[PDB]
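The residues making up each chain are set out below.
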Amino acid sequence: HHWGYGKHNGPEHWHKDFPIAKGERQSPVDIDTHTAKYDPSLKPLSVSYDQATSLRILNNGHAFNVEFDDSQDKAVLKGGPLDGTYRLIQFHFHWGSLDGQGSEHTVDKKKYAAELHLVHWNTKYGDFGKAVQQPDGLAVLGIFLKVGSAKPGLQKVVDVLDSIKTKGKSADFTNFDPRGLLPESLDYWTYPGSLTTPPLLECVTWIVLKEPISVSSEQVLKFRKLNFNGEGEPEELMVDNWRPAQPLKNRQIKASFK
Ligand SMILES: CCc1cnc(SCC(=O)c2ccc(Cl)c(S(N)(=O)=O)c2)nc1
Ligand SMILES: [Zn+2]
């Protein structure tokens, strides 16, 4: 009886196995745009994905992860609110059963259809596994998805999903350029938080872009054709794999803009 996305194993149960679920810097949160503080000390975000080596795509039974070679100083996030350099290791999404829900962060209580998380670890801790044990170990660039026009740079991802339908399946996935997922503006909000999945470790600097990307109905419908269950197991569509907004507690959300 392990964690997932349902009534008896979903977010409201996670605290029993992972008591940090009720901690002081949990994610996601609602982003109140009027109260977020413009911080003129914040720097432009530096996203350098010119050398990203994608390797493989994995259905891990909660979502799908696009994986990158993180053994060289290839794809890096820096600047913004960050000190030092963070290396891209993977991305994944959270999405809904319906277009009106799916995001983890919300903006003045607005839910988006989905949310992309580009996960990076701080190079000063040597790898991802040591980084998650530190309060400044990870940086996640979050980008909202709305349903409208297709995202041409997303299509290569959508077209491989039929090959990873069920938990534990993987496929080779080389030469994918994550730059084709970045909205036009890098204006952002930032705050200290956590992983949104167990183990819920409080190691993340969140950087949430204000500008969503558009994806088509057809693209998100293909996300919704995944299963939570294993092969040869009864079908559980991979949908509503999002954690609701958590208490802000003693935190400030800062804005890079306006
Ligand atoms: C630490 C052991 C660990 C971390 N995550 C998972 S599943 C979700 C996932 O791969 C993941 C990994 C990192 C981050 Cl930062 C986030 S999220 N959703 O907070 O972006 C999700 N399983 C085990
Ligand atoms: Zn995530």
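Looking at the PDB entry, one finds the protein chain named Carbonic anhydrase 2, with Homo sapiens as its source organism. According to the UniProt record, the Subunit (literature references left out) comment for the protein chain reads "Interacts with SLC4A4. Interaction with SLC4A7 regulates SLC4A7 transporter activity. Interacts with SLC26A6 isoform 4 (via C-terminus cytoplasmic domain)." Under the heading Sequence similarities, UniProt records this for the protein chain: "Belongs to the alpha-carbonic anhydrase family."

J.: Sorry if this is basic, but what is going on with the pairing of strand β7 (residues 85-95) here?
T.: The side chains of a regular strand alternate between both faces of the sheet. The buried fraction of β7 is high, at ten of eleven residues. With two bridges joining them, strand β5 (residues 64-68) and β7 adopt antiparallel strand pairing. Pairing of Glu 67 across the sheet is with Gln 90, part of β7. Connecting the antiparallel pair strand β6 (residues 76-79) and β7 is a turn made up of five residues, with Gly 80 showing a positive phi of about 65°. With nine bridges joining them, β7 and strand β9 (residues 114-122) adopt antiparallel strand pairing. Residue pairing for β9: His 94 is matched across the bridge by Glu 115.

J.: Looking at this model, I keep getting lost on the site of ligand 1. Mind explaining?
T.: By nearness alone, 13 residues border ligand 1, and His 92, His 117, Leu 195, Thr 196 and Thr 197 come closest of all. Within the side chain of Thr 196, an N or O atom sits 2.9 Å from a nitrogen atom of ligand 1. For ligand 1, whose unbound accessible area comes to 530 Å², protein coverage reaches 80%. Elements with a minimum of two residues in the shell around ligand 1: β7, β9 and β10 (138-147). Tallying contributions element by element places β7 first for the shell around ligand 1, with three residues.

J.: I'm lost on the environment of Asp 69 in this one. Help?
T.: Here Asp 69 shows up in the loop between β5 and β6. With near-sequence residues (within four places) excluded, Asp 69 lies in contact with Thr 53, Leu 55 and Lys 74. A polar side-chain atom of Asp 69 sits 2.6 Å from a polar atom in the side chain of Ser 71. A polar contact of 2.8 Å, which involves the side chain of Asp 69, links it to the side chain of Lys 74.

J.: Sorry if this is basic, but what is going on with the pattern of salt bridges here?
T.: A side chain with one charge can pair with a side chain of the opposite charge if their charged atoms come near. Under the definition given, this model contains seven salt bridges. The shortest N-O distance in the salt bridge between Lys 124 and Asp 136 comes to 2.9 Å. Of this pair, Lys 124 sits in the loop between β9 and α1 (128-131) while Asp 136 sits in the loop between α1 and β10, and the two are twelve residues apart along the sequence. A relative accessible area of 26% means that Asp 136 is categorised as partly exposed. The salt bridge partner of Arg 179 is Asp 177, with a shortest N-O separation of 2.5 Å. According to the relative accessible area criterion, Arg 179 is partly exposed, its value standing at 42%.

J.: Just checking my understanding: could you explain the coordination of the zinc ion (ligand 2) for this structure?
T.: Coordination of the zinc ion (ligand 2) by the protein comes from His 92 (NE2), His 94 (NE2) and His 117 (ND1), over a distance range of 2.0 Å. Given four donor atoms and angles of 99 to 117° at the metal, the environment of the zinc ion (ligand 2) is assigned as tetrahedral. Expressed as a motif, the donor residue spacing for the zinc ion (ligand 2) is H-x1-H-x22-H. One end of the pair, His 94, is in strand β7; the other, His 117, is in strand β9, and 23 residues separate them in sequence.

J.: How do you make sense of the UniProt feature "binding site: Zn(2+)" in the protein chain when you look at a structure like this?
T.: According to UniProt, the "binding site: Zn(2+)" feature falls on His 92, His 94 and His 117. A maximum C-alpha distance of 8.2 Å is found for the annotated residues, which run over 26 residues; spatially they form one tight group. Setting aside residues no more than four positions away along its own chain, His 94 makes contact with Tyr 5, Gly 102, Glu 104, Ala 113, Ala 114, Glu 115, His 117, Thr 196, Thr 197, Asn 241 and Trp 242. Side-chain polar atoms of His 94 contact the side chain of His 92, separated by 3.2 Å. Relative accessible area serves as the criterion here: at 2%, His 117 is assigned to the buried category. Apart from residues lying up to four places away in sequence, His 117 is in contact with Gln 90, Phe 91, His 92, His 94, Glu 104, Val 140, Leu 141, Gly 142, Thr 196 and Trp 206.

Quick notes on the rules
Residues numbered from 1 in each chain as written, not as in the entry; some residues may be left out. Chains lettered and ligands numbered in written order. Heavy atoms only, no water. UniProt positions renumbered as here; feature names shortened; annotations may be inferred. Buried < 20%, exposed > 50% of the residue type's maximum accessible area, 1.4 Å probe, protein only. Helix = DSSP H or I, 4+ residues; strand = E, 2+ residues; numbered from the N terminus. Pairing = 2+ DSSP bridges. Near = heavy atom within 4 Å. Polar contact = N/O pair within 3.5 Å; in protein donor to acceptor, adjacent residues only side chain to side chain. Areas by Shrake-Rupley, 256 points an atom, 1.4 Å probe, with all protein chains shown as cover. Contact = heavy atoms within 4.5 Å. Salt bridge = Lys/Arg side-chain N within 4 Å of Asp/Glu carboxyl O. Donors = N, O, S within 2.8 Å, 3.2 Å for Na, K, Ca; no water. Tetrahedral: all angles 85-135°; square planar, octahedral: opposite > 155°, others 65-115°.

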